[PDB]
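Taking the form deposited in one PDB entry, here's one chain by itself in structure tokens.
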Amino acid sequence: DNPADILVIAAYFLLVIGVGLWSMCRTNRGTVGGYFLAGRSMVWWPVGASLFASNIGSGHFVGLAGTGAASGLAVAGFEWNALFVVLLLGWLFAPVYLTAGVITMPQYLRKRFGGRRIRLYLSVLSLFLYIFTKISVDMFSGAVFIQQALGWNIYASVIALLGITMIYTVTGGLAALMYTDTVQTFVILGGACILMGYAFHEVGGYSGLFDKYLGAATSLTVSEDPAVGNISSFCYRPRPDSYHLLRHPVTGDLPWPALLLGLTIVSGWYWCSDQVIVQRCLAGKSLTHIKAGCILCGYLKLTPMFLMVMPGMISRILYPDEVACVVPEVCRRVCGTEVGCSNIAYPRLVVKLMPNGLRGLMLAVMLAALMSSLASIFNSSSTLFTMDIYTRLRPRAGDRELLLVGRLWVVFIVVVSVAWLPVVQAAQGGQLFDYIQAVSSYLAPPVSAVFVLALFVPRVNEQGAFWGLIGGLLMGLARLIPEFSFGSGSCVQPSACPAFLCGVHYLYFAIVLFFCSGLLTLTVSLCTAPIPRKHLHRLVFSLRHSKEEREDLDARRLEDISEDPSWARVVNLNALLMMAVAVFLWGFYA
């Protein structure tokens, strides 16, 4: 209702429309290349700003601040693994995907192994992962932030948001979305820094957070419900390792071997094998512009511990009877969720610490985060479906019908998400951020295991790669089905899930499943006859500098990934510096 809020929300919309219009007036969207891969024309700053803005959603604000309040600062684990794995993207994987001349990541595996069946399998698994683990978190976290900050209807508001990100997606393609994401990253970081400032002022500095957080317990620890009674001191007092990234390897909530290995594995699928991030790396002007943007994204991916996790911990210090509630009656009154109220942490700092003018800015921040992520998913799924599935059904399709089918898939994936919104609203509290990271740790390691063997081990053949993926879905589905069967409960109400299934952290099962998919792929590969090198040029990390005539199991200016040695020198030295800073910060909080 404030003049200022409304003006700040429409200045944001004027920026987004302004840069959209400039981009469509510049770029060509009458071709598949242009509409789907920005004409292969993006420079370092669009690539990195896009990689950041395509990743950071409303779920980062709601999830990381929620978990920061709940469990302290080891969820920075999620964001900081990425520094190391975005170096992998540039220096190891994108070299190979730029010489392969692929538009989709299923197409790479078609070129590398050569069946009809791996490319179709990967497309259908990818599309379901985007429904379950990427769209669901954005709809859920949007609904938290609208319910708390605004108090609007969380059905109508999600429809209206999903509808305007539909129009923003179909209207210009990757080009528009990338150049716009350079605005949306500025808006996200700007408003997030302003809220960090107010929060750290309220608790009385950085020193204030680290001398007040461990004391931040609720004073309402006794229930009116029989067979609950006195809530345990384990589950309302803050965790006594709350200021340490590296937690105990058997009893930690995030064990350190699980953090470092298991997140490197699942992050490897997310950053290096996944169409949503890798389409930002197939639209670059040159490999040196891809490596430069990898570094911008990676320095930007430090920011989330200081802009979401610590704010959420400051939220538990300031509203301990509302953010750290444990009694069911109290949690039903505070946030409508019997199982806890961590999720209101960021939403509540915004609705209590921000003045008349800047509340509008923080609405612009969450809108920018949510719009950028949903648009990146709707475009990447458009490409995935159109290029892979629609060219199986109609081979002689051609670059006009394909754009029509690309824009009609965005409409379909919006309507499917609208239909899926009540299911995701059935997830109760901060359980959902454990569900999404668990489903990721059960489905993705088989895909990580194939792409590392498809890229680094040229002995691996099509039978190996396919039975690797299906053996993995089988092992993974074991954990998923028996878990979802007993639900989660809370610390107050432990589930009856037998411990051997549960008690192994899902990031540890990520590691076992990766090595089991790897071993199966290698074993079936080594029994069956190999793929010779005449089939493999410029599609394996060994052969990315080949010049020899490949024979397809399925112009030359994209094949060339030679960079200027001066500019190579510069991106190589900034990568080592960026790693050194990441390693220093992991040391500081370990």
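We call the rigid core the largest set of C-alpha positions that still match within 1.5 Å between the two forms. For every residue, the number given is its place in the sequence shown, counted from 1.
Form deposited in another entry: not shown, discussed below.
Asks: Tell me, which of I295, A76, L432, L195 is the one whose C-alpha shifts by at least 2 Å between the shown form and the other one, with the rigid core superposed?
Replies: Among the listed residues, the one whose C-alpha moves by 2 Å or more is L432.
Asks: Checking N461 here: with the core superposed, does its CA move 2 Å or more between the shown form and the other one?
Replies: Result for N461: yes, a 2 Å-plus shift.
Asks: State yes or no: after fitting on the rigid core, is the Cα displacement of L14 between the shown form and the other one at least 2 Å?
Replies: After core superposition, the C-alpha of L14 moves 2 Å or more between the shown form and the other one.
Asks: Tell me, please, whether between the shown form and the other one the C-alpha of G398 is shifted by 2 Å or more, with the rigid core used for superposition.
Replies: The answer is yes; the displacement is at least 2 Å.
Asks: Explain in one word, closer or farther, how the Cα atoms of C297 and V410 are placed in that other deposited form relative to this form, where the distance changes by 3 Å or more.
Replies: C297 and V410 sit farther apart in that other deposited form.
Asks: At a change of 3 Å or more, would you call the C-alpha separation of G429 and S71 in that other deposited form closer or farther than in the form supplied?
Replies: Nearer in that other deposited form, by 3 Å or more.
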